[PDB]
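Data first, discussion second: the structure below is written as structure tokens.
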Amino acid sequence: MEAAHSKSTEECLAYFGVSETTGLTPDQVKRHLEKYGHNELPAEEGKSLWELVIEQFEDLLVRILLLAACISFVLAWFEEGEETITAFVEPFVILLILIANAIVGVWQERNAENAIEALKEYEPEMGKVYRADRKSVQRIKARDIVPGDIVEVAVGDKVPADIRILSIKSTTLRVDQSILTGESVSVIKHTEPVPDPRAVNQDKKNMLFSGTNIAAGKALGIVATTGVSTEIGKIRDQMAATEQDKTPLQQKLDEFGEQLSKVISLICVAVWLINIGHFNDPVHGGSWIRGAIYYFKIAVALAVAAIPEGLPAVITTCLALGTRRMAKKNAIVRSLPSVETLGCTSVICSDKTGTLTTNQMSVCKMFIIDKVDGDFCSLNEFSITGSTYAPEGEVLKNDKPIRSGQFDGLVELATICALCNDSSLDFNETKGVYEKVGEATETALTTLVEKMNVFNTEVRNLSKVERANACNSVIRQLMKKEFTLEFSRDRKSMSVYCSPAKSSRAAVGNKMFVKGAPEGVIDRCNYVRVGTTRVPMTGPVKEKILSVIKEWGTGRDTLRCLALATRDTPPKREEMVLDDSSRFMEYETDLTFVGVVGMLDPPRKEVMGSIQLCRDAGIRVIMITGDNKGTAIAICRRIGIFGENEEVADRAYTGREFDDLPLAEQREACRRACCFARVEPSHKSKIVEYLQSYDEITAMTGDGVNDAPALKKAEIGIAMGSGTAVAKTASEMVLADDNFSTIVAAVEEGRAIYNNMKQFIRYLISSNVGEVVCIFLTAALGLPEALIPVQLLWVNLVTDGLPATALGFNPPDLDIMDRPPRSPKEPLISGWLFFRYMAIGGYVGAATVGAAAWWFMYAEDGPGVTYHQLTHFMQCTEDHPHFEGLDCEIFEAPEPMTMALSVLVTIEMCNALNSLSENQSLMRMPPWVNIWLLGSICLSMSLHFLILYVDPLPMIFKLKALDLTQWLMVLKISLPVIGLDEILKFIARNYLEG
Ligand SMILES: C/C=C(/C)C(=O)O[C@H]1C(C)=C2[C@H]([C@@H]1OC(=O)CCCCCCC)[C@@](C)(OC(C)=O)C[C@H](OC(=O)CCC)[C@@]1(O)[C@H]2OC(=O)[C@@]1(C)O
Ligand SMILES: Nc1ncnc2c1ncn2[C@@H]1O[C@H](COP(=O)(O)OP(=O)(O)CP(=O)(O)O)[C@@H](O)[C@H]1O
Ligand SMILES: [Mg+2]
Ligand SMILES: [Mg+2]
Ligand code: NA
């Protein structure tokens with residue numbers, strides 16, 4: 001029964017055919033259980049370790065790699081010779097990476113919470129109901145409760161389902177609904193029907209929401225909905241339907257996969273089309289089998305050189321490091337892939353209270369009526385000092401300190417602030433600061449009465465824990481608070497019924513002290529107070545009060561204004577029903593206006609600046625606030641969102657105004673608006689949706705489960721540190737300090753991290769290109785394999801891994817925040833850069849093949865057989881080309897390979913330097929610009945020698961030490977790469993910029 005809040009109490013019982021006294025009969029329970037199912041959200045989809053491991057092999061690249069582990073395996077088997085010490089190494093190395101890859105992948109899934117599963121923290125195990133099969137109450141499992149049965153909840157209980165309250169047994173019922181309505185103050189529940197069938201949860205004052213807590217009292221009610229039909233259930237379904245896309249990088253990396261896999265196959269075909277010359281050879285002769293192994297062998301190499309095996313780990317390493325660095329700035333990122341997307345932030349939708357502002361309320365102006373005499377009218381405007389909650393400050397008129405007591409209006413003004421309040425101050429012996437007890441708004445009032453001290457009550461003698469609520473006490477001792485009519489959004493005011501203290505059996509003197517939003521309260525005033533006297537509210541004077549209020553709330557003061565008033569002749573105690581909030585407004589009629597107080601919720605001292613960085617970064621900032629439209633714009637102009645005098649007609653909307661617009665015009669509004677006030681539950685989510693239709697990477701804030709859907713949907717959901725765990729688990733980032741500026745700071749870090757990743761990413765893929773040139777060259781030509789798998793793998797995981805990781809620390813640019821947000825569709829490599837890496841690759845393809853073929857031609861220590869046509873044969877099934885001399889295994893000489901491997905390695909340490917900057921020569925930006933790079937290149941070489949002299953290794957890698965002569969040829973072929981890049985960089989600077 002979704003609409004239970006709008007139905008009468010008798011209507012719900014009638015609807016479910018149940019009696020309040022007996023409860024449901026076992027037949028009903030059974031029948032209802034089958035119609036509505038159990039009261040619980042569906043279980044998470046169980047993903048098994050097996051399935052969690054099989055997924056690790058879904059990526060195109062880890063599949064190609066696996067395939068190569070097979071070909072390599074098979075070959076390692078059906079191979080000639082007897083060296084099994086290095087034979088099965090190639091396949092086992094590949095497999096190990098595929099294993100560590102799985103282990104890591106699976107490891108992440110074990111420890112990784114999900115928002116949906118976090119909601120279940122709010123469903124209790126048990127609940128208490130009354131069923132026709134037993135007189136007494138019986139506590140059962142929440143899972144077994146059903147729509148229709150009578151339930152009982154008491155203070156401490158966690159509501160097991162969405163319940164329509166039938167009767168409140170205690171005196172009053174208070175509920176902690178924080179997780180659902182964001183209301184941190186417990187709210188009072190009634191049993192009268194709430195008329196609007198379309199009322200939002202906050203106004204359903206006759207409902208208990210599953211997952212909430214009974215703050216105080218005891219009540220009986222009928223279950224309206226259960227499971228996924230509850231408020232928290234509907235939130236669970238919205239989240240499950242929300243699908244977060246893959247980050248721009250992940251997508252680029254995915255497209256790279258398909259293509260790399262598509263190129264690897266075309267290079268194979270090619271190597272085949274270049275060896276078609278074998279179809280013109282006699283069937284007899286030639287060791288075919290020793291030719292098939294050659295193709296496959298290079299195929300494996302083809303793949304191993306094409307796949308940047310170490311990239312994923314570098315990215316991760318760099319991301320962990322940035323993350324730890326962002327934490328230092330209070331920005332807690334939960335998803336490493338989010339650091340990127342965060343830098344792309346196009347829009348930032350932020351809540352005002354506690355994020356843009358401090359939520360440290362302080363009254364700083366107040367006014368009463370000075371006198372009324374016909375058309376003439378004068379008010380008494382005042383000012384207060386002290387922005388804290390501490391009773392340290394003072395009232396001043398025309399800037400001159402006065403004593404409140406000398407004015408009567410202020411005595412009463414102060415009475416109202418003290419009595420019509422549920423808040424109090426408390427001095428922390430520890431922090432030595434006065435804390436607030438209750439709503440920030442009411443505490444500001446409490447703080448005000450202490451400063452005013454209408455009765456001059458000497459308090460300087462009193463301690464600090466006493467100074468706290470001194471003047472208040474004085475006022476409480478004067479009037480007796482008989483009861484209070486809670487605040488409610490419909491009437492936007494609250495009041496307390498009071499009777500004098502020192503008074504015997506009397507039927508006169510009772511008063512009501514009303515406080516609330518000015519327009520509503522002032523409208524219910526038929527009288528204005530002047531000191532101690534009273535006269536009829538006149539059109540004019542009502543304008544005077546209203547204009548000042550408009551000035552304080554709409555003007556630069558951006559003050560939250562409150563009208564204070566009294567009902568001199570309130571109704572008789574017995575003539576009031578303190579059960580139907582709906583009658584509270586009438587009770588607060590025929591009032592007497594006493595004055596206004598305007599408090600300030602100050603903007604964080606860093607937001608103005610952060611708002612400016614956003615404008616500089618081309619990032620739009622949208623404010624979402626509970627304030628009315630006028631004050632919301634005023635605050636927006638104040639913190640810089642809007643210009644002091646710019647037109648914002650169609651750039652700020654209220655929830656109501658927004659709903660009235662047709663879908664088409666709502667979408668349009670969302671591209672222009674920077675201010676949303678009085679926004680509905682479904683709005684944050686709709687705004688995100690509209691923003692995404694314009695392809696903007698959105699950042700949205702929130703803290704309760706009710707914000708969870710929106711947070712999940714926004715590219716970057718931002719949760720408050722002080723918010724719920726659900727909001728946190730549903731978000732990409734958590735603000736440890738709740739501060740808006742912490743967001744902007746995180747965005748810049750996000751831009752700097754990616755610029756670096758772009759460098760080490762292009763660096764790594766750049767080599768993989770060269771490696772694949774060498775393999776294709778050393779094949780289409782038919783030369784001895786220049787480089788082999790086990791070697792390449794070391795270069796891509798260790799040799800090139802270090803420089804890459806160091807690259808992640810390149811200093812960031814200065815105008816990092818003077819540039820607009822990066823387009824997600826922006827490729828990492830294209831245009832001239834593509835050509836640059838095209839050439840560089842062709843170069844590394846030669847520099848390797850050459851240094852290998854060099855040692856087989858013009859090299860001393862090696863077959864100085866120049867032009868000996870290594871091409872001619874690798875069969876030696878003839879030995880004819882070489883008359884005298886029995887030796888055909890020097891083709892496998894490890895000396896040349898070392899030349900290729902040292903060339904690669906050397907060039908990559910060089911290319912790592914060509915990476916410090918995309919287009920700046922090493923002239924303007926020297927290698928020492930990143931000391932971590934240098935130190936990293938020093939470590940990569942010390943590791944190169946490590947595998948050259950430490951016996952166990954040189955064999956495994958098929959390597960041998962080099963001559964100081966040869967090492968020079970390595971340099972004479974590597975070091976030039978830098979000049980090559982410099983020419984290319986140069987060409988891009990002064991011949992393609994503009
Ligand atoms: C990794 C190694 C190699 C050799 C590879 O196949 O890279 C290609 C490839 C798949 C792309 C290319 C390589 O393309 C070529 O070399 C063109 C064909 C001629 C090959 C002849 C070989 C003898 C990248 C690497 O290189 C250069 C130097 O042009 C740049 C870029 O890559 C990126 O932007 C990186 C994405 C994370 C991609 O065009 C990319 O495809 C895409 O979808 C992109 C957008 O991704
Ligand atoms: N305890 C209280 N007593 C009387 N009036 C109050 C009040 N708290 C707020 N008001 C008045 O009611 C109007 C606001 O309604 P509400 O209190 O729900 O909004 P808000 O400004 O507190 C944001 P949120 O609803 O998100 O907490 C305020 O602008 C103020 O004038
Ligand atoms: Mg409020
Ligand atoms: Mg919230
Ligand atoms: Na999200």
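Sequential numbering from 1 along the given sequence is applied to the chain's residues. When a ligand or atom number is given, it counts from 1 through the structure's own listing order. Below, each value reflects all heavy atoms present in this structure, side chains not excepted, and no hydrogens, waters or symmetry copies.
Looking at heavy atoms from C-beta onward, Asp426 lies out of side-chain contact with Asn469 at the 4.5 angstrom threshold. The side-chain heavy atoms of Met599 and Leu559, taken from C-beta on, include no pair separated by under 4.5 Å. Residues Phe658 and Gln666 have side chains in contact (heavy-atom distance under 4.5 Å, counting atoms from C-beta outward).
The number of protein N/O/S atoms found under 2.8 Å from the Mg ion (ligand 4) is 2.
Within a 6.0 Å sphere centred on CD of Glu121, heavy atoms belonging to other residues, nucleotides or ligands number more than 12.
Contacts with ligand 2 closer than 4.0 Å are made by side-chain heavy atoms of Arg560 only, the backbone lying farther away.
Sorted by first and then second residue, the salt bridge (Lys or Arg N to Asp or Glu O under 4.0 Å) pairs with a member in residues 580-597 read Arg491-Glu588, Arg524-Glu588, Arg583-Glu586; sequence neighbours excluded.
The protein heavy atom nearest to atom 15 (O) of ligand 2 is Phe487 CZ, 3.6 Å. If you check which protein heavy atom lies closest to atom 13 (C) of ligand 2, you get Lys492 CD, 4.1 Å. Of the protein's non-hydrogen atoms, the one nearest atom 26 (O) of ligand 2 is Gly626 CA, 4.7 Å. When only non-hydrogen protein atoms are considered, atom 4 (C) of ligand 2 lies nearest to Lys515 O, 3.2 Å.
Contact annotation: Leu562 has at least one heavy atom less than 4.0 Å from an atom of ligand 2.
Ligand-side atoms of ligand 2 in range of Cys561: 31 (O), range being under 4.0 angstrom from any heavy atom.
In this structure, atom 24 (P) of ligand 2 has its sub-4.0 angstrom surroundings free of protein heavy atoms.
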